[PDB]
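Engineer: opening with a subset of the complex:
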Amino acid sequence: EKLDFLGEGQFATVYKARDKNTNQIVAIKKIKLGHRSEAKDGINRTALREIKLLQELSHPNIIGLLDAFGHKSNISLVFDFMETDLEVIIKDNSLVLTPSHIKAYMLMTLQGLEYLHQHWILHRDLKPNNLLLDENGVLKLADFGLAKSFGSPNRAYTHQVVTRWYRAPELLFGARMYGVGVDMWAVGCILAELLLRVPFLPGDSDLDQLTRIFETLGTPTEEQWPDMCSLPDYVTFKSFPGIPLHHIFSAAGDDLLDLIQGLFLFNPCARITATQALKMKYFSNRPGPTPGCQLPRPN
């Protein structure tokens, strides 16, 4: 049964259609594939990663595959319905200031990241785009196709998967290995972008994002990140003085600014972990994170 078209995408098409199994309207995602190519991989590789990871993780802050149908050539995926994407709401001029709602979004993201990190899954790309908010207002990561698992035995690692607008310096420097800290850097960019309501760092690719990262935080010292010069892809930019976090984004939370600085630290080990962020004073503060019941809802 098809009730409505939730969104149009080349990779896959989203439909606001009630499930045949359940009368209540549910989010349905249908993969789009072409048999025209002489050589084909069958199910899309990104789609294959997204379906297995979604089945593996069951969490309030992680979207889950309730049911899926492979009997048809097309694959239909059943997910909890989400009222609107987070990115459109953020880019829209806020009617009021919602700092506790911003705190709630970050807390949900950290709890969801902690659950996948505990399962050992790594999310390669985190951004306001490809993020969905339900009527409940719980934050869920819509796409796990970007996410790639990492293992102790050496294996091929995807690079430049993270968005050009929000990319870790090590990924820009083409570091062979990736870490949980890279996800924290992406969360720090999202938190800074959330306060601004516009992307914190513009990325045009070709190391343009790396130049912007150097301009905002100053040039990283050799002590700040070990063997940065040793890495095969290394570029030296002009020695910018840097902008204090409370000048780029006017915000200077007593604990929020410290958390933002830890997320923006160049070294992954120095960068604050998701578990430390859960225990961070800013989250445990007199302002209370929104449960999502009072979260603003369009129409």
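Structural biologist: That came through, no problem. Residues are numbered from 1 along each chain as shown, chains lettered A, B, ... in the order given.
Engineer: tell me, how many residues neighbour residue A:231?
Structural biologist: Number of residues near residue A:231 (other CB atoms under 10 Å) recorded here: 13. C-beta coordinates here come from the backbone N, C-alpha and C atoms, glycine included.
Engineer: okay, strands next: where are they in the stretch 1-150 of chain A?
Structural biologist: Ranges of strands in the stretch 1-150 of chain A, per DSSP state E, counting those that start in this stretch, are A:12-18, A:25-31, A:67-69, A:76-79, A:84-85, A:131-133, A:139-141.
Engineer: list the buried residues for stretch A:70-89?
Structural biologist: Of the residues in stretch A:70-89, those buried under the neighbour-count criterion (16 or more other CB atoms under 10 Å) are A:75, A:76, A:77, A:78, A:79, A:81, A:82, A:84, A:85, A:86, A:87, A:89.
Engineer: residue A:102 and residue A:193 touch, don't they?
Structural biologist: No: counting by CB atoms under 8 Å, no contact exists between residue A:102 and residue A:193, whose distance comes to 10.4 Å.
Engineer: output the contacting helices and strands for the helix or strand harbouring residue A:275.
Structural biologist: For residue A:275, the host element (DSSP states H and E) is helix A:274-278. For helix A:274-278, the packing partners by 3 or more CB pairs under 8 Å, 6 or more residues apart in numbering; DSSP states H and E come out as helix A:99-119, helix A:180-196, helix A:256-263.
Engineer: looking at those, which is buried most?
Structural biologist: Taking mean count of other CB atoms under 10 Å as the contact definition, the stretch among the helices and strands packed on helix A:274-278 with the greatest mean neighbour count is helix A:180-196, which reaches a mean of 22.
Engineer: also put chain B in, sequence below:
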Amino acid sequence: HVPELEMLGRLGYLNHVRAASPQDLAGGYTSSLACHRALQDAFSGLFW
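Structural biologist: To build on what is shown above, here is chain B added in:
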């Protein structure tokens, strides 16, 4: 359960089959993280 930081003889040993590579270390692959990754999969299940 196995801690992310061993804080034990395993952390003191600091030894891996691939040992330590400077290019790999800067990107990730901390010796404690690699040991923890193997231990968590090894300790998975083991009970009914």
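Engineer: check the neighbour count of residue A:231 one more time with chain B there.
Structural biologist: Residue A:231 has 17 neighbours, counted by other CB atoms under 10 Å in any protein chain shown.
Engineer: chain neighbours aside, what residue packs nearest to it?
Structural biologist: Sequence neighbours aside, residue A:173 is the residue nearest to residue A:231 in space, at 4.9 Å (criterion: CB to CB, 6 or more residues apart in numbering or on different chains).
Engineer: who's in contact with the one you found?
Structural biologist: For residue A:173, the contacting residues are A:210, A:228, A:231, A:233, A:234, A:235, by CB atoms under 8 Å, 6 or more residues apart in numbering or on different chains.
Engineer: can you give me the separation between the nearest residue to the last one once chain neighbours are set aside and chain B?
Structural biologist: Pointing back at residue A:235 there. Beyond its immediate neighbours in the sequence, the residue positioned closest to residue A:235 (CB to CB, 6+ apart) is residue A:207, lying 5.7 Å away. Distance from residue A:207 to chain B, counting by CB to the nearest CB, to the nearest Å: 17 Å.
Engineer: so residue A:207 versus residue A:223, what's the distance?
Structural biologist: When CB to CB, to the nearest Å is the yardstick, residue A:207 and residue A:223 sit 23 Å from each other.
Engineer: who has more neighbours, the two?
Structural biologist: residue A:207 (17 against 7).
Engineer: so which residues on chain B come close to chain A?
Structural biologist: Proximity of chain B to chain A (CB under 8 Å from any CB of the partner chain) is limited to residues B:16, B:18, B:22-30, B:33-35, B:37-38, B:40-41.
Engineer: quick check on those residues: which are buried?
Structural biologist: Judged by neighbour count, with 16 or more other CB atoms under 10 Å in any protein chain shown as the criterion, the buried members of the residues of chain B next to chain A are B:24, B:25, B:26, B:27, B:28, B:29, B:30, B:33, B:34, B:35, B:37, B:40.
Engineer: append chain C to the structure above:
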Amino acid sequence: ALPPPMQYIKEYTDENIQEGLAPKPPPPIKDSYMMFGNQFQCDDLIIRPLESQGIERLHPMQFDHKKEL
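Structural biologist: Putting chain C onto the chains we already have gives this:
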């Protein structure tokens, strides 16, 4: 910000708290660059700086002020 209406009396007055003969003498005529207020106000300069510095000159060196005005 942090700064008040300027730091209060310090340094030279501390030196001045002496007796009979102990205080330092006056400074020499620094004939070079100084920093009064915020401007450098360095010495050795003219009265009317030539318009050639900073702008074009549409008037020849004859400059019979009365005729050119």
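Engineer: once more on the neighbour count of residue A:231, this time with chain C?
Structural biologist: Neighbour count for residue A:231, taken as other CB under 10 Å: 17.
Engineer: that one contacts residue A:177, doesn't it?
Structural biologist: No: in this structure, residue A:231 sits apart from residue A:177 without contact. The criterion is CB under 8 Å, and the distance is 10.9 Å.
Engineer: residues shared between the contacts of these two?
Structural biologist: Here residue A:231 and residue A:177 share the contacting residues residue B:27, scored by CB under 8 Å, 6+ apart.
Engineer: mind listing the helices for the chain?
Structural biologist: Using chain A. A:45-56, A:86-91, A:99-119, A:169-172, A:180-196, A:208-217, A:245-248, A:256-263, A:274-278 (DSSP state H).
Engineer: should've been chain C
Structural biologist: When secondary structure is read from DSSP H, chain C shows helices at C:12-16, C:65-68.
Engineer: got a markdown table for those, with mean neighbour count and distance to chain A too?
Structural biologist: Listed next are the helices of chain C as a markdown table, based on neighbours: other CB atoms under 10 Å in any protein chain shown; distance: least, CB to the nearest CB, whole Å:
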| stretch | mean neighbour count | distance to chain A |
| --- | --- | --- |
| helix C:12-16 | 10 | 34 |
| helix C:65-68 | 7 | 49 |
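Engineer: with distance to residue A:23 added, can I get the ones you listed in JSON lines?
Structural biologist: JSON lines is the format used below for those (distance: least, CB to CB, whole Å):
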{"stretch": "helix C:12-16", "distance to residue A:23": "87"}
{"stretch": "helix C:65-68", "distance to residue A:23": "95"}
